[PDB]
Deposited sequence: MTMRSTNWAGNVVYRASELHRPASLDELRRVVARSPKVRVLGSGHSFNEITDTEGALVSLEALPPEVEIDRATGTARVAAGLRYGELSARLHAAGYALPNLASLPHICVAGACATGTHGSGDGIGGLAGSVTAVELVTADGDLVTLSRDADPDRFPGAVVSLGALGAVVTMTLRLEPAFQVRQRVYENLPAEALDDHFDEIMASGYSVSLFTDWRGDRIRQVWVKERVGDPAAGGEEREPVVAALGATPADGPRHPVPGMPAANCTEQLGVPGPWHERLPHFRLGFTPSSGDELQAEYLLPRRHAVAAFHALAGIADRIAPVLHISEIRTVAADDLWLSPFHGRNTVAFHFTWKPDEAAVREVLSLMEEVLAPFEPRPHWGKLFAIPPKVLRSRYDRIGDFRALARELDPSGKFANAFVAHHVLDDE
């Protein structure tokens, strides 16, 4: 019926839940208009369609680990929670995960979903091949090794190349992670010490309510002195939640307690499992150089942000070569905004935000809200012409192109 938040009521005629590869290939082939439905953790109409919603949650939850190549072959309908548990048990890990694990692996990689860390990509960077059902109904495989020229536009694809059934991931050895929350770092500390703070851990989040002159929280996640303590931030005495009033229970165990990578790198614990959300979201991704400038630009309109914000989160993400990846050929600073659920009021505040950041050539998070018109947005991605070439090659009728992918990427 709706997206996780419940602001997007899907206008689809039918919701198909194929129980096999064969049953999917039939649904895709016979349907004139398809958009794959993963986890519903998007806030825009990217997943909307007047035709066929198709889930892949009901296919085999394959997770075949090849010990020789250190790579897992895994079902696109599978979520990061499950995938991680299974990978971890077998003694394998991924380099990073998003804020909660209950997010669909293909759905995440489609929109350029990311964690934080200076030397760590968006999650799609771990992908080394896809198999997808084309608009026709047959399996195509695109892999880095085999298809150098085409693979990089395959992964962060807005699910407009077809339905991905199995993604190959490069694995690392399973690892332990400790996480501490520091409170009330002074905002001015960023002006001279931004690079030192975000490098002070494997993955660092800044949380600010854009009220006053203080970074409300700083989450410093280390692979097994703290810099942000030196700079005025006090360690938190107990468990904490990024948002004011929301329970610490939900969140991954903090207070410096080492635990497995997959119960630490996300902000939310394997158990949390919210059936629904009461928030909106927008995230702008800038070149890393514009962090401070951009911080200040936003400091200038904090009086419009703070009223309708739950929390804003600031992260770093290494550059990839993935054509519609927000991290395409530029190390990045992430300006995320978990809003309160008033779309009208957030839409005003986003047009404004987009004006004050415009000098920093900001790319919006494909899954989160934005108002950046196509002309401007397309100019901010070099390889947008090469991706439109691949979408017409693999989907000439534009089966997998709803209004959103047309408007933002495909239409002239």
Extract from the deposited sequence all ranges with no corresponding C-alpha coordinates, numbering residues from 1. 1 to 4, 229 to 238, 427
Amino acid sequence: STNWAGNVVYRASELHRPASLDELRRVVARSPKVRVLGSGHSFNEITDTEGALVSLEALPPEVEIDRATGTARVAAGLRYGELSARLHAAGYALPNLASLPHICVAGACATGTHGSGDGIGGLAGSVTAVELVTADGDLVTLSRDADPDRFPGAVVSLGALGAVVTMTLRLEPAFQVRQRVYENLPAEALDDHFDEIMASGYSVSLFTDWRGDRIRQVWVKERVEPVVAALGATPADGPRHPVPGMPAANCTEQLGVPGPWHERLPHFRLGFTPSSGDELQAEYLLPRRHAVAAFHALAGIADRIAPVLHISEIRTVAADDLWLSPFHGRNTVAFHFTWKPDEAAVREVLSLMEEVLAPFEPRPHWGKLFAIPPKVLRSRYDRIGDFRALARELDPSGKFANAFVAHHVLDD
From here on, numbers count along this sequence of modelled residues.
Quick one: higher average CA temperature factor, 54 to 62 or 339 to 347? 339 to 347
Stretch exceeding the other in mean C-alpha B-factor - 92 to 100, 231 to 239: 231 to 239
Whose C-alpha has the highest temperature factor in the PDB entry: 290, 79, 114, 170? 170
If you check the C-alpha B-factor for each of 29, 37, 371, 358 in the entry, which is highest? 371
Can you tell me whether residue 162 has a C-alpha B-factor in the lowest, middle or highest third compared with the other modelled residues of the same chain? lowest
Can you work out whether the C-alpha temperature factor of residue 383 puts it in the lowest, middle or highest third of the chain? middle
For residue 9, does the deposited CA B-factor place it in the lowest, middle or highest third of the chain? highest
Sorting the chain's CA B-factors, does residue 121 end up in the lowest, middle or highest third? middle
Chain-wide C-alpha B factor ranking for residue 33, given as lowest, middle or highest third: highest
